[PDB]
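Residue numbers (the authors' numbering), protein chains in the order written: chain G, 1 to 75; chain E, 50 to 196; chain R, 50 to 196; chain H, 12 to 78; chain D, 1 to 241; chain Q, 50 to 97; chain C, 2 to 379; chain P, 2 to 55; chain J, 2 to 61.
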Ligand code: HEC
Ligand code: HEM
Ligand code: HEM
Ligand code: HEM
Ligand SMILES: Cc1c(-c2ccc(Cc3ccc(OC(F)(F)F)cc3)cc2)[nH]c2cc(Cl)ccc2c1=O
Ligand code: FES
Ligand code: FES
């Protein structure tokens, strides 16, 4: 159905690309990758974490409460 | 023609002639001791026989049918006082309750946590009805026949 | 990796550990009267033990071996002239030869019409080889142990 | 004679700090239940409480003796 | 009661990721099963031919199999008879049906031991603690006749008497026959019986780890090589004023 | 299978009750003999 | 000129796989849909080799499976691969659904609804497979699901009896379950062809949620190599489970033969249904519980109708992201609760979790969408 | 206009069973193609119902 | 040309038929090498436990 050639109209855009045998596959895999990963993690942690922290708290409280309930009481 | 052929194909999946297998069974009551529940096979289902003690009879007669979802007196479901015959199939989805458990000393179905009292009446859980009471009759105070 | 996994899958369809099951068997010679062909089960297949008469022995001895498709003299296929022991599986496509049938008083395979003589040698039809003679030995005048 | 390592390992384990309190409470429960005139009290929880701590330590050092 | 006791984690010789079973312990545990546990329990899915190449040779396995009467038939007259066992025969059952088993043990059915390790939460730990857990009942607690106290069994009341004690069996290799030693040996044999594919599984796992550790970076590098063209291009927007 | 073909239910029941068939185990693990019922197959004359 | 672009049969493959325009920025979450393509075929292969040694007779089913484990050459490998492939399939399936929900892929209504059909079919196939070993959990799961239809008024008992083929679970049930388990994966593959067909017309989505006609690249060689890498990682995880922990995700109780009389005291289903088992246990009412179970799965069909935001994807919608992760945590809570006995305090926690689940899906997400619409002034 | 012609799924049915140009004079010997498919579906249904009790 | 990779390219990897021939020969030798190495490692880790280590004691 959809094929290359008339998917959309584009004008005045130039693209430069380099052959895969003229360049490295791992340019800066440790010097620059790790700061980017830290940036992404810092961005996402505040959105993703608090629900799972709350689940952890509920899990601990429920397990402790069940264990306390099972044990017998004096009198 | 279409209705006839579709009806034949649907009916082929129903129970076959050989898998009906309806017959009676005899249980000797001398073997069962006091304060114990026993199970037997019947139609590929359990069959609970409980020799209730006098304390259970005293305890379960001190309740009112209004609280019970299914109104039924204890004395109506038994042809003798110290004997209870029931079909051991939970009325919620068919699990087998475990004897001498739950918060009422009767039966406890653990698939979804349904409590039946000693007579076999639902008290706390999603089970609509009580445990069924199949037709049965004694010949003496020694044996029983279920059918 | 691909070779290993495909090899394991192919090897799964071969014979399993519980079906290899080699064994032996004992047969009572005195139970087979002269002229009768007795069939037994050995390794999941028929085993023929035929008591031959003097006439049959001499007739097989007169066979011109050079004209046979699978040349063998009668005396190198049996230990005692009066007893011929053969695997009852047609060498063509595996059918069972029928005793006392065919044009040579031996066997006849009706699946495709193979004719064998009283020594089990192929004489007519499509079968390429003479019936297989298993390993066996006589433990006494009355018993034979095949293995 | 023959002596299993298990008895010696258990006796060495039971002289640890953690199990002493559990055994003390087990003995107190025993005293209360035995001295009582009549009750449904049952010192099963204290026995298992003692045994869990006693068998935590045995697992570390038992298999060295066993060949 | 509703109380439960989690068994501790013992350091079994095969506890490791790549560690395999010790075959001498399998041999001793088989002897323990044969001379003690075979009177009551059953082991239905194990044959004498399986012992060959694990802890016995063909001659020893045939000698073990020949010490059993197995019923076979019919003969030529149409009658069933007895014969010595073969390597193809499964271990003999102790009882012919569950009712006979229940009759000889006060209504308790001895379970089949062919998967008891896999059928319980704890595996070898549960069986080892069960076989070495009997003690006097706690104070102020009763129990039926024909039952014995065992804190590791659910309900803390079991219908099996203590099976193993000192000098119950004499091992062939001169090992001391202590309670713990016998328990360890039978537990190892039960582990083998439940999972005969233990050693071949771990052998294959080692090769799988090495091959995957080799194959991951190469395929990753191929993907990086292909995608480097897209990951480094640039775009410029040059409108015609 | 005979019921409603050539015999009534009572006739076929009496026919089943004219022979003895094996059943069990009982509570002792023993086999025993009982009268036939409608669900029993025709007795084999030989065991094998 | 080129045979690839003009042959009747290769043209379909060319337009489907080789020359397909795809977005240039789809992340790894788009691989799971391909992985579900692999796992299905894997289950068709390994299972087809288990059918050559399985017998559906009730007296010789457990024994046949143990024969497969013990006697068939490398049969244990095939058995445990087929066993753990279900867990891998369901992990991939839930990741696929979460990907579709987060990035607003549900606006493709046809593909979304066909996927819902596929989800139901795969759930049925997985349940019918688990009965064929004929252990304890097999028996007491078949019983419960068959009785689940008894809640329908006036026809429940008759339908239950018809499905059982008798008065209980017995040989006929096992044989027909075997037949359905054999045949249903082919129907699943046939429906998956339509799942792909309806997606071919509209193209694929990207994380930004913005139309990507300006930036397109061919599917080959860019997403074939990513498919190979994802398949390699999948095979690594599956073989880790098979070779280093064959029974981590299983249940011990299914290693005992089926007993119609006794019932284990800690019955539970497989890990990928527990959340439903948490919902049904919450309501103390039979018909209400069954309806809640059905609606908890069929609420995915109403997700497209509740969309109220101007932006397709949650990439730029922080409140929607917070609510989405709250929903995921709640599903994890229900999965934890479903594996516990019905007792205090787990009953209250399960009821609150079910209420929170339905409230989050139905009420809070459209409200957050409308609030975010008002914040952006449109 | 016509949804029978434009819907992605119905175009296959239309271009295979409805609007397919066919010769006006094909005799009864061209009927066995469809009868083979009727037979194949009959065997699949009957066989599937036989596998429930085999 | 002095470099190893240049020799490998100019000798083997130019054509695809030679590439395939190299692949199959490499697989043929790598199978045996990997099998021997893995078996050696597995035998060393579990020395004195496998059947073949205790085989000599019992068979005469
Ligand atoms: C008869 C004298 C027995 C011998 C000898 C052994 N066992 Fe046994 N065992 C027996 C019975 C009657 C039962 C059932 C008891 C019950 O309460 O149900 C058992 C049970 C076991 C179990 C099952 C434990 C469980 O949690 O289900 C195990 C694991 C077991 N027995 C182990 C075992 C071993 C290793 C034995 C040889 C040393 C052995 N048993 C001998 C009866 C008898
Ligand atoms: C999407 C496809 C499939 C899925 C998700 C699936 C799932 C399952 C599951 C979860 C089990 C239970 C295994 C266990 O608990 O041990 C199982 C068993 C089984 N499956 Fe499948 N299955 C699929 C396809 C097939 C096919 C196509 C066949 C045969 C043609 C098949 C044959 C079997 C058999 C024979 C068993 C029982 C044997 C055993 O226990 O290993 N399956 N399946
Ligand atoms: C066996 C079942 C399924 C299979 C084999 C399958 C396979 C696929 C494949 C191959 C794709 C294209 C590749 C991709 O987008 O990742 C896809 C896309 C998609 N699938 Fe599935 N799928 C299945 C189930 C489902 C389910 C259950 C849903 C939703 C409830 C679903 C919804 C979607 C959507 C929305 C897309 C398009 C995603 C997008 O481009 O935004 N599918 N599926
Ligand atoms: C092209 C399709 C098929 C053909 C031509 C075919 C043909 C046959 C034939 C000739 C028999 C022998 C019947 C007899 O002698 O009693 C048979 C038996 C059988 N077929 Fe098929 N079959 C087909 C498809 C199927 C399918 C799809 C299934 C199941 C999914 C199936 C299941 C069976 C079974 C269970 C039997 C054994 C019962 C019997 O002997 O009647 N068949 N089939
Ligand atoms: C609720 C419930 C389940 C359960 C079973 C299945 C599902 C999911 C499902 C739903 C429908 C379905 O069929 C359909 F797809 F519609 F054809 C197939 C699977 C969810 C939960 N399984 C249990 C298994 C044991 Cl052993 C005991 C009790 C429970 C228990 O109470
Ligand atoms: S099945 Fe009995 S309470 Fe649900
Ligand atoms: S099979 Fe014997 S002659 Fe062909």
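Even for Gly, the Cβ is constructed at its ideal location relative to N, Cα and C.
- Query: Tell me, which residues are paired with residue 71 of chain D by DSSP?
  - Reply: Locating residue 71 of chain D in the fifth chain gives position 71, counting from the first residue. DSSP, once it has assigned bridges, lists D/82 as partnering residue 71 of chain D.
- In this structure, what does DSSP give as the bridge partners for residue 24 of chain C? By 1-based counting over the seventh chain, the position of residue 24 of chain C is 23. Looking at the DSSP assignment, residue 24 of chain C forms a beta bridge with C/217.
- Item | CB-CB length for residue 151 of chain C against residue 142 of chain C, believed under 8 Å | Position 150 of the seventh chain holds residue 151 of chain C. Position 141 of the seventh chain holds residue 142 of chain C. With 8 Å as the limit, residue 151 of chain C and residue 142 of chain C do not qualify as a contact, their Cβ atoms being about 15 Å apart.
- Where does residue 30 of chain P land, buried or exposed, given buried means 16+ other C-beta within 10 angstroms? Counted from its first residue, the eighth chain places residue 30 of chain P at position 29. Counting Cβ neighbours within 10 Å, residue 30 of chain P comes out exposed, since fewer than 16 surround it.
- Based on Cα-Cα distance, which residue from C/247, C/86 and C/378 lies nearest to residue 197 of chain D? Locating residue 197 of chain D in the fifth chain gives position 197, where the first residue counts as 1. The option with the nearest alpha carbon to residue 197 of chain D is C/247.
- Task: Would you verify that the beta carbon of residue 226 of chain D is, or is not, closer than 9 Å to some beta carbon of chain G?
- Result: To locate residue 226 of chain D, count along the fifth chain from 1; it is residue 226. Residue 226 of chain D counts as touching chain G.
- With a CB to CB cut of under 8 Å and the five nearest residues on each side skipped, what residues in its chain are close to residue 178 of chain E? Mapped onto the second chain, residue 178 of chain E falls at position 129. Counting only Cβ-Cβ distances below 8 Å, and skipping sequence neighbours, we find 119, 140 and 171.
- Query: Do you know offhand how far residue 191 of chain R's Cα is from residue 83 of chain D's?
  - Reply: By one-based count along the third chain, residue 191 of chain R stands at place 142. By one-based count along the fifth chain, residue 83 of chain D stands at place 83. Using only the alpha carbons, I get a separation of about 21 Å.
- Task: Check each candidate in G/11, G/3 and G/25 and name the one with the smallest Cα separation from residue 219 of chain D.
- Result: Locating residue 219 of chain D in the fifth chain gives position 219, counting from the first residue. Looking at the Cα atoms, G/25 is the closest of the given residues.
- Query: Can you give, in chain order, each stretch of the beta strand (DSSP E) that sits fully within the stretch 16-47 of chain J and has at least 3 residues?
  - Reply: none
- Inter-stretch contact at 8 Å, needing at least 3 Cβ pairs: the stretch 319-338 of chain C / the stretch 14-31 of chain P: no
- Proximal residues of chain D, C-beta to C-beta of residue 272 of chain C below 9 Å: Position 271 of the seventh chain, counted from the first residue, corresponds to residue 272 of chain C. Correct list: empty, because the minimum Cβ distance to chain D is about 16 Å.
- Query: Which of the residues in the stretch 67-78 of chain Q, read from start to end, lie with their CB under 8 Å from any CB of chain D?
  - Reply: 74, 75, 76, 77 and 78
- Straight-line Cα distance separating residue 365 of chain C from residue 309 of chain C: One-based indexing of the seventh chain puts residue 309 of chain C at position 308. One-based indexing of the seventh chain puts residue 365 of chain C at position 364. Cα to Cα, the separation comes out at about 11 Å.
- Using the DSSP secondary-structure output, state which residues sit across from residue 223 of chain C in a beta bridge. Translated into positions along the seventh chain, residue 223 of chain C becomes position 222. According to DSSP, which records beta bridges pairwise, residue 223 of chain C is partnered with nothing at all.
- Can you tell me which of the three DSSP states residue 124 of chain D falls into? Position 124 of the fifth chain, counting from 1, holds the residue named residue 124 of chain D. Three-state DSSP puts residue 124 of chain D in a helix.
- Item | Beta-carbon neighbours of residue 13 of chain G, restricted to chain D and to distances below 9 Å | Counting from one through the first chain, the residue named residue 13 of chain G turns up at place 13. Neighbours of residue 13 of chain G on chain D, chain order: 235, 236, 237 and 238.
- Query: So residue 167 of chain D is in the alpha helix (DSSP H); what residue range does that whole segment cover?
  - Reply: Here residue 167 of chain D refers to the residue found at position 167 of the fifth chain. Taken as a continuous stretch (DSSP letters only), residue 167 of chain D belongs to no alpha helix (DSSP H), as it is neither H nor E.
- Query: Should residue 321 of chain C be labelled buried (16 or more other beta-carbon atoms within 10 Å of its own) or exposed?
  - Reply: In the seventh chain, the residue the question calls residue 321 of chain C occupies position 320. With 16 or more other Cβ atoms within 10 Å, it is buried.
- Message: Which of the three DSSP states is assigned to residue 202 of chain D in this structure?
- Response: On the fifth chain, residue 202 of chain D is found 202 positions in, with the first residue counted as 1. Residue state, collapsed to three classes: helix.
- Could you tell me which chain R residues have their CB closer than 7 Å to the CB of residue 211 of chain D, listed as they occur along the chain? Taking the first residue of the fifth chain as position 1, residue 211 of chain D is located at position 211. What residue 211 of chain D touches in chain R: 50.
- Option in D/6, D/36, D/35 and D/17 with minimal Cα separation from residue 46 of chain J: Within the ninth chain, numbered from 1, the residue matching residue 46 of chain J stands at position 45. Of the candidates D/6, D/36, D/35 and D/17, the one whose C-alpha sits nearest the C-alpha of residue 46 of chain J is D/17.
- Query: Residues in the stretch 6-35 of chain C with C-beta within 8 Å of chain D's C-beta atoms, listed in sequence order?
  - Reply: 25
- Task: Measure the alpha-carbon distance for residue 44 of chain C versus residue 81 of chain D and round it to whole angstroms.
- Result: To locate residue 44 of chain C, count along the seventh chain from 1; it is residue 43. To locate residue 81 of chain D, count along the fifth chain from 1; it is residue 81. Looking at the two C-alpha atoms, the distance is approximately 47 Å.
- Item | Contact with chain J by residue 56 of chain D, beta-carbon distance below 9 Å | By 1-based counting over the fifth chain, the position of residue 56 of chain D is 56. Yes, residue 56 of chain D counts as interfacial toward chain J.
- With C-beta atoms as the reference, is residue 134 of chain D less than 9 Å away from residue 149 of chain D? For the purposes of this step, residue 134 of chain D is taken as residue 134 along the fifth chain, with counting starting at 1. For the purposes of this step, residue 149 of chain D is taken as residue 149 along the fifth chain, with counting starting at 1. Their beta carbons are under 9 Å apart, which means residue 134 of chain D touches residue 149 of chain D by this criterion.
- Query: Should residue 147 of chain C be listed as close to ligand 5, given that the test is whether its C-beta is under 8 Å from any heavy atom?
  - Reply: Position 146 of the seventh chain holds residue 147 of chain C. No.
- residue 189 of chain E CB to nearest chain C CB: under 9 Å? Working through the second chain from its first residue, we reach residue 189 of chain E at position 140. Residue 189 of chain E does not count as touching chain C.
- residue 49 of chain P touches chain C at which residues, Cβ-Cβ below 7 Å? For the purposes of this step, residue 49 of chain P is taken as the residue at position 48 of the eighth chain. Correct list: 180 and 184.
- In terms of DSSP beta bridges, what is residue 99 of chain E paired with? Residue numbering aside, residue 99 of chain E sits at position 50 when the second chain is read from its first letter. Beta-bridge pairing links residue 99 of chain E to E/86 and E/133.
- Say whether chain D places a C-beta atom closer than 9 Å to the C-beta of residue 66 of chain R. Residue 66 of chain R sits at position 17 when you count from the first residue of the third chain. Closer than 9 Å: yes.
- Task: Assign residue 70 of chain Q to buried or exposed, taking buried as 16 or more other Cβ atoms, counted over all protein chains shown, within 10 Å of its Cβ.
- Result: The residue labelled residue 70 of chain Q in the question sits at position 21 within the sixth chain. By the neighbour-count rule (16 or more Cβ atoms within 10 Å), residue 70 of chain Q is not buried but exposed.
- Query: Under the criterion of a Cβ to heavy atom distance below 8 Å, does residue 131 of chain C qualify as lining ligand 2?
  - Reply: Your numbering for residue 131 of chain C matches position 130 in the seventh chain. Yes, ligand 2 has a heavy atom inside 8 Å of this Cβ.
- Task: Within the same chain, show all residues whose beta-carbon is closer than 6 Å to that of residue 135 of chain E, passing over the 5 residues directly before and after it, in chain order.
- Result: Your numbering for residue 135 of chain E matches position 86 in the second chain. Excluding sequence neighbours, residue 135 of chain E sits near 97, 169 and 180.
- Item | CB contact check: residue 83 of chain D to chain R, cutoff 9 Å | For the purposes of this step, residue 83 of chain D is taken as the residue at position 83 of the fifth chain. Closer than 9 Å: no.
- Item | C-alpha distance - residue 52 of chain D paired with residue 51 of chain J, whole-angstrom precision | Position 52 of the fifth chain holds residue 52 of chain D. Position 50 of the ninth chain holds residue 51 of chain J. Whole-angstrom Cα-Cα distance: 13 Å.
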